[PDB]
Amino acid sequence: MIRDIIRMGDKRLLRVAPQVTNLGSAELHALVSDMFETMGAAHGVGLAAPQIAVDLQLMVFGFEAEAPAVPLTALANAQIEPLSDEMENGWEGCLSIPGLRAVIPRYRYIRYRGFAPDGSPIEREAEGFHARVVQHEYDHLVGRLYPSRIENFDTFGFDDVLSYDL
């Protein structure tokens, strides 16, 4: 089922979410299925559970169709560790902040760990857009959105209007 995505300004996006403790359950697999459905109907590349007012350390992300393909992934209890100090700027937008985007610095190289909805462990090294998406969704699980990370406010604006060439 498609769930409503709450927008920036909702206090429910500013919470620190507790862990998932029902790995392997029918209830988790249903929530994850709704998340993938929801993300797809909104044409997102990532969606975290707090964005559908579900207070849990859970996100879905990934796509074929521009950057290189990111595998379709549902990840509970995510933990992230940079694998280098190197930062890279790139464009970010967010389904909870419709119409806008900005340039945001992220770590270029990370590892992330957690669990798939069936309880099996996930751990991967990621770089570039893949790594960016996982950092951006992880921020939602700690009550953070991308505007508080903008450094260059010239790059923040409506998608149909911006002409900034990063």
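Residue numbers run from 1 along the displayed sequence.
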Next item on the list: Look at the other compared PDB entries that model both sides of residue 65, then say whether a third or more of them leave it out.
Entry: yes
Margin query: Does the chain run continuously from residue 65 to residue 66, or are deposited residues unmodelled in between? Answer none, 1 to 3, 4 to 9, or 10 or more.
Written below: 4 to 9
Checklist line | Average Cα temperature factor in the PDB entry - higher stretch of 66-74, 32-40 | finding: 66-74
Notebook entry, point to check: Higher mean Cα B-factor in the deposited model: 156-164 or 4-12?
Noted result: 156-164
Item checked: Deposited CA B-factor, highest of 98, 46, 117, 128 -> 98
Next item on the list: From the list 52, 26, 134, 58, select the residue with the highest C-alpha B factor recorded in the entry.
Entry: 26
Next item on the list: Sort the modelled residues of this chain by their C-alpha B factor and say whether residue 90 lands in the lowest, middle or highest third.
Entry: middle
Check: Considering only modelled residues of the same chain, in which third does the CA B-factor of residue 107 rank: lowest, middle or highest?
Finding: highest
